[PDB]
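# Structural overview for review
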Amino acid sequence: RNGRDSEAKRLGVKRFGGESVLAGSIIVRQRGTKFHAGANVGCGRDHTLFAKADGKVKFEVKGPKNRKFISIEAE
Amino acid sequence: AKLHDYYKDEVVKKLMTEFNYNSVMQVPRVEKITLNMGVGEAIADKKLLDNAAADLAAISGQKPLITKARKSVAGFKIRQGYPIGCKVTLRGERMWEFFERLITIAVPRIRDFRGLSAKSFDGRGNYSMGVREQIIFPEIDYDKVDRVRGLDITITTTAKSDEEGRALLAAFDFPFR
Amino acid sequence: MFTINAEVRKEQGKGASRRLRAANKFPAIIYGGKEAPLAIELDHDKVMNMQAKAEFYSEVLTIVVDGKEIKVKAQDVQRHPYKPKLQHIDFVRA
Amino acid sequence: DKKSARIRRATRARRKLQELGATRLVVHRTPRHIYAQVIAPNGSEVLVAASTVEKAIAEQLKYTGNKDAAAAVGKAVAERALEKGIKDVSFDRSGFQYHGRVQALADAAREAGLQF
Amino acid sequence: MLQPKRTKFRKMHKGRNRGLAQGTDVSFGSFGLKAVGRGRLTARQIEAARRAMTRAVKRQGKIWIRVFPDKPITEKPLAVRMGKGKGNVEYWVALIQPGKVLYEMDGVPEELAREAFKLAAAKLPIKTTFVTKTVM
Amino acid sequence: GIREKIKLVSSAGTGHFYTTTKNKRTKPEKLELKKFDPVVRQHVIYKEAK
RNA sequence: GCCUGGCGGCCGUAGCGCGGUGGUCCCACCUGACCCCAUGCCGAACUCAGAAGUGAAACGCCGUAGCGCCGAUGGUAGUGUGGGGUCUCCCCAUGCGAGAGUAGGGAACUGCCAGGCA
RNA sequence: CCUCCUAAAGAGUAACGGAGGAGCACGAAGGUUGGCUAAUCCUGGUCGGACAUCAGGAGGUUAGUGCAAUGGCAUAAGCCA
RNA sequence: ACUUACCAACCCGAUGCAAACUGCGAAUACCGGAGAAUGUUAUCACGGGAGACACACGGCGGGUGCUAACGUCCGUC
Ligand SMILES: [Mg+2]
Ligand SMILES: [Mg+2]
Ligand SMILES: [Mg+2]
Ligand SMILES: [Mg+2]
Ligand SMILES: [Mg+2]
Ligand SMILES: [Mg+2]
Ligand SMILES: [Mg+2]
Ligand SMILES: [Mg+2]
Ligand SMILES: [Mg+2]
Ligand SMILES: [Mg+2]
Ligand SMILES: [Mg+2]
């Protein structure tokens, strides 16, 4: 009565903290906002996070709910 | 407006003198009067709510708000969000004029009157009770009722204790039993 | 009233302590008050018997370490998982 | 509950300034008095400020707390920013409805050569 | 026979029985029966062993059972081809690691608890030992 | 399915049309919406909902 | 330099809890509501004019270890590499090493601006 | 086809392994602007019944998300205009 | 309206269990950066010629089965 599963969506982190990226490069594919867009980083309709500027990826935890935020500082 | 003035000149002073309160802004003051009509059986007869609403208007010109079922529950063969009651929030001039419409020209006219119970301050100074027959308000005549309909009244206060609720109303006479 | 003879530990971690128990000794520790913790090594057979009389867990014991004396009380104890022995004990300089 | 309701109502508009790097014009209103400041995108140093608690433009007001008073406060912040060099900002009404006094302060700021 | 009344799932990955036990001091009574060897207790074994101590003590003394089946064991019956799905639940076991207090007792003299818990050890599939309450 | 495809025709002669869906039971009237006609380059009114 | 309004930083050692507290200035309820605005009803809010009272509510500060929170040391469990026995498991060398608990710390620290008190 | 899982803490990973779902819905159940906050204990209250409705505090997203699971959600993605 | 050798949620302290529970949480492993040494350029691109898609065992991590199989299916050496 079983016998089913779903195809893997290849999510996870594509660019980690400390990596040079251009603008538009995808950094994380996600379902919810496990990670949030921080300063100079943008959010697409499926919560895919992408670079809005050339620079290096930076993971930090900020604010009162200890959420993970990803930003990009220009280099 | 008559009962807001009478509260200040005499009751403020008196209430200070029970527990010997230090500040005039600490004496509980009557804030608001809220009327509600629980219809409950409007789900079968949809018009019973319409006839309930107009009842409140003559008691308190203020057009009533209709309260929804919130939780669906088959335990009463009901829907959710379908109207099942109505409410009116009184403050300022009308609240004081409505309060008048209650003791002076209704209470002498209560059915089998010997006084009301005094144990029902839920524990924090707010008072709640009910009346069975709404023809006791004189804007409501007897020749104009399509129903033996009624309505609970609950008052809300700034007293912090049950003791501080009894002294505030006592100072407004209030029949008590 | 009980007096325990102890030597100071020269090593630390799982290897030495399993080696200690492999050498029929076992570690314990002294902490409390303003002074620093004191890593010690004890002879196994002596403390097993001592703590078999309730007096051990409620009296002030005396530890003799390098011929001095630290006054402590038993505070916590790790016992062997299923054998009648001891893995570690906490003493507090109370 | 009175004060806390307004602070939450304003937060969303403030995060956009954080994302955008915007310089915001922050208003605080009280029944007794109205206040206007100018804060940098970093949020912690005020480049310009002006209010009714200041003796200059405040005694010359009928009540330090009406639409005209708000209008007096509004007039002062726009120019003062000019006296330093700050000119394009965005208005952060800090959760008050944009309406009574709050609109007088904003209208006065625009009239006196401020782009927002 | 002890058994979970309900579980989220009928069937369970085999899993393992690594590591050491958490239930290692006598926490309710005065004396205890402790697991030494490692393994799985069926619900029928736990019941047979629980009976032995109750025969021996008459309707005296209180007994606590510290382990609980919780783990479902499946089997494929005879004459079945491999594959074609996981077996049907037949009985229930608890995973035991050395050191788990299995049974405790208090309300009899120590000498009788050792005898009473002992007339149980012959029912268990793992070696056991008698343990006592200990100060601290 | 149980939701029909319709065509929206530009009320400016152009032969541009949009395609969408509709619950024809629950929504029997003709759907009417402003859309951009790439030929007249303006947001003109669109009709039809068969 | 002490106090309060405003804007953030850090993001529970920053918080409840109970006891005390302050109103000249600020904040705060607050009084009137005909009009800018307003109640799926009500000047409660939204809020316009207002300053007679008021620290009572809350707001701000302080004391407070009943609760949360921070939580060593030493040990235990695991584990990557090598090898080893009783090879459903564990052990030895080696480096990394929990979690819970424990003695313990604990009633936040700040930059700015404005106003009020020396 | 989708979601979780075995999957050994990046991606992927197998079997007639373990549990569920999709073949639709929406003209607003879409954009935006303003604005809004659940579940459930205790007590009190007209017909109040364990649980229609008004009130008080305790409580703090267990509510909610057009439906399967997962991750999200308060600046709300939830609710209303 | 009462009692009650009955059953008994919530609530609290004690106590274990969970692949599809996590307010904690490694060891490895992967990404990225720079740097010395060593390395038959081991790297990347493009193009020419193929074979290959029946696998086995052992170690460990696992589902399955009986922690049964010279069983079986993956991950890895
Ligand atoms: Mg080792
Ligand atoms: Mg006070
Ligand atoms: Mg620790
Ligand atoms: Mg993975
Ligand atoms: Mg009730
Ligand atoms: Mg991996
Ligand atoms: Mg080559
Ligand atoms: Mg093939
Ligand atoms: Mg071949
Ligand atoms: Mg084979
Ligand atoms: Mg293979």
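Residues numbered from 1 in each chain as written, not as in the entry; some residues may be left out. Chains lettered and ligands numbered in written order. Part of a larger assembly, values for the part shown. Heavy atoms only, no water. Residues with missing side-chain atoms left out of burial classes, pairs and counts.

- Structure determination for this PDB entry is given in the record as X-ray crystallography, at a resolution of 2.90 Å.

## Concerning the pattern of salt bridges
- Enumeration according to the criterion identifies 20 salt bridges over all chains in this entry.
- Residue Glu 41 of chain C is joined to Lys 25 of chain C by a salt bridge in which the shortest nitrogen-to-oxygen separation is 2.7 Å. Note that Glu 41 of chain C is positioned in strand 3 (residues 38-43) and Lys 25 of chain C in strand 2 (residues 25-31), a separation of 16 residues in sequence.
- Residue classification places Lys 25 of chain C among the partly exposed positions, given a relative accessible area of 30%.
- A salt bridge links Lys 50 of chain F to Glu 48 of chain F; its shortest N-O distance comes to 3.4 Å.
- The class for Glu 48 of chain F is buried, based on a relative accessible area of 18%.
- Among the charged side chains, a network of salt bridges with common partners joins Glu 47, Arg 50 and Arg 51 of chain E. (Salt bridge = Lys/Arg side-chain N within 4 Å of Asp/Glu carboxyl O. Helix = DSSP H or I, 4+ residues; strand = E, 2+ residues; numbered from the N terminus. Buried < 20%, exposed > 50% of the residue type's maximum accessible area, 1.4 Å probe, protein only.)

## Remarks on the protein's contact with RNA strand G
- The environment of RNA strand G is made up of 74 residues, and the closest members are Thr 89 of chain B, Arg 24, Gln 37 and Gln 97 of chain D together with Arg 18 of chain E.
- Restricting the count to atoms of RNA strand G within 4 Å of the protein gives a sugar and phosphate share of 70%.
- One of the backbone N or O atoms of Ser 44 of chain D is found 3.0 Å from a base nitrogen in RNA strand G.
- One of the backbone nitrogen or oxygen atoms of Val 46 of chain D is found 3.4 Å away from a sugar or linking oxygen of RNA strand G.
- In terms of residue count, the dominant contributor to the surface near RNA strand G is helix 1 (residues 14-22) of chain C (five residues). (Near = heavy atom within 4 Å. Polar contact = N/O pair within 3.5 Å; in protein donor to acceptor, adjacent residues only side chain to side chain.)

## Concerning the sheet that holds strand 4 (residues 42-47) of chain F
Residues and elements named next belong to chain F.
- With antiparallel pairing, the four strands of this open sheet are ordered in space as 2-1-4-3. Looking at which strands have only one partner, the edges of the open sheet turn out to be strand 2 (17-22) and strand 3 (33-37). Within the sheet, the average angular offset between the axes of one strand and its neighbour, ignoring direction, is 45°.
- Examined bridge by bridge, strand 1 (residues 4-10) and strand 4 share two bridges and lie antiparallel to one another. Bridging from a neighbouring strand, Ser 10 pairs with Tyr 46 of strand 4. (Pairing = 2+ DSSP bridges. Axes fitted to C-alpha atoms, helices over the stretch in contact; angles between N-to-C directions.)

## As for the side chain of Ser 51 of chain D
Residues and elements named next belong to chain D.
- Assignment of secondary structure puts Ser 51 in strand 3 (residues 46-51).
- A distance of 3.1 Å separates the side chain of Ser 51 from the backbone nitrogen of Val 53, its partner in a polar contact.
- If near-sequence neighbours (up to four positions away) are discounted, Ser 51 is found in contact with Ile 34, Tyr 35, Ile 57 and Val 73. (Contact = heavy atoms within 4.5 Å.)

## What to know about the protein's contact with RNA strand I
All names here are of chain E.
- Around RNA strand I sit 25 residues, and of these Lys 14, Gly 15, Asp 70, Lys 86 and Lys 100 come closest.
- The sugar-phosphate backbone supplies 60% of the atoms of RNA strand I found within 4 Å of the protein.
- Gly 87 is positioned such that a nitrogen or oxygen atom in its backbone is 2.9 Å from a phosphate oxygen of RNA strand I.
- Among the residues making up the surface near RNA strand I, the classes are represented as five nonpolar, seven polar and 13 charged. (Nonpolar A, V, L, I, M, F, W, Y, C, P; charged D, E, K, R; others polar.)

## Some thoughts on the packing of helix 1 (residues 2-19) of chain B against helix 3 (residues 92-103) of chain B
Residues and elements named next belong to chain B.
- Packing of helix 1 against helix 3 brings their axes to within 7 Å, and their N-to-C directions diverge by 90°. The angle between the axes of helix 1 and helix 3 places the two elements in the roughly perpendicular class. Facing helix 1, whose interface residues are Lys 2, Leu 3, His 4 and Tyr 7, helix 3 presents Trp 96, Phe 99 and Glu 100.
- Residues that form the contact of helix 1 with helix 3 fall into these classes: four nonpolar, one polar and two charged. (Parallel < 35°, antiparallel > 145°, perpendicular 65-115°, else oblique.)

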